[PDB]
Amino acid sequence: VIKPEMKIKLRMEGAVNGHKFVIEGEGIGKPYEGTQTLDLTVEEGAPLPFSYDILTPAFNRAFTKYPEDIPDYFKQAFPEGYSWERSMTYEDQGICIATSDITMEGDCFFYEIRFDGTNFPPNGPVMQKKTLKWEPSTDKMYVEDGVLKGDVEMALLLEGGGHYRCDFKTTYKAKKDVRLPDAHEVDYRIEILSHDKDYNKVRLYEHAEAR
């Protein structure tokens, strides 16, 4: 079912501070190593007037190295798939809502992603393209009301050395009943390996591990 090497195709539709945009993506990931890499192309809205980083955590926990003594809520959900709903509240009251539906058809995961963001101060780091990278983080995962949830504090590094903080709250729902895991934590790291001037092309690498 879930082979060691799984291709990925994804499409993100959305809008940030009104600016509407579309990003297609294709890549490959190692589910059992907890790794993946995506090539991401802006099809609509180029050049993006906002920092690309606010989008990177939105492009799948199937690619999460899980120990044998934790239930993998995300690999069990297949081949049917699962979905997640994420709210990301930034410290300057900029707010984003994203939602991903994740299916699979063979050796290929498929993501349908919606992304919306608003109230980003036009002179804030987002609309002024002043972010650098997401700081390595850990996601506190806990079962609640029969669905999985993941909370985390995220920190973008800024031009100037400061840290632009954000609160991520995610609700994961599988398309069938699976073994609910206890409360655990997923350490993950997201990197932009390469990108062209206006981030119209982005190679994005993610590494995650549960514990």
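A residue's number is simply how far along the shown sequence it sits, counting from 1.
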Original post:
Per the record, how many residues of the deposited chain fall between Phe59 and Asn60 without being modelled: none, 1 to 3, 4 to 9, or 10 or more?
Top reply: 1 to 3
Original post:
Comparing 15 to 23 with 183 to 191, which has the greater mean CA B-factor as deposited?
Top reply: 183 to 191
**OP:** Quick one: say whether 26 to 34 or 41 to 49 has the higher mean Cα B-factor in the deposited entry.
**Re:** 26 to 34
Original post:
Reading the B-factor column of the entry, which of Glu135, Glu112, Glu91, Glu80 has the highest value at its C-alpha atom?
Top reply: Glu80
**OP:** Would you mind checking which of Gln76, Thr131, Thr118, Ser87 has the top Cα temperature factor in the PDB entry?
**Re:** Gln76
**OP:** Would you please rank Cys108 by its C-alpha temperature factor against the other modelled residues of its chain and give the third it falls in: lowest, middle or highest?
**Re:** highest
**OP:** Would you please rank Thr171 by its C-alpha temperature factor against the other modelled residues of its chain and give the third it falls in: lowest, middle or highest?
**Re:** middle
Original post:
Within this chain, which third does the Cα B-factor at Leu148 fall in: lowest, middle or highest?
Top reply: highest
Original post:
In terms of the chain's CA B-factor thirds, is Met154 lowest, middle or highest?
Top reply: middle
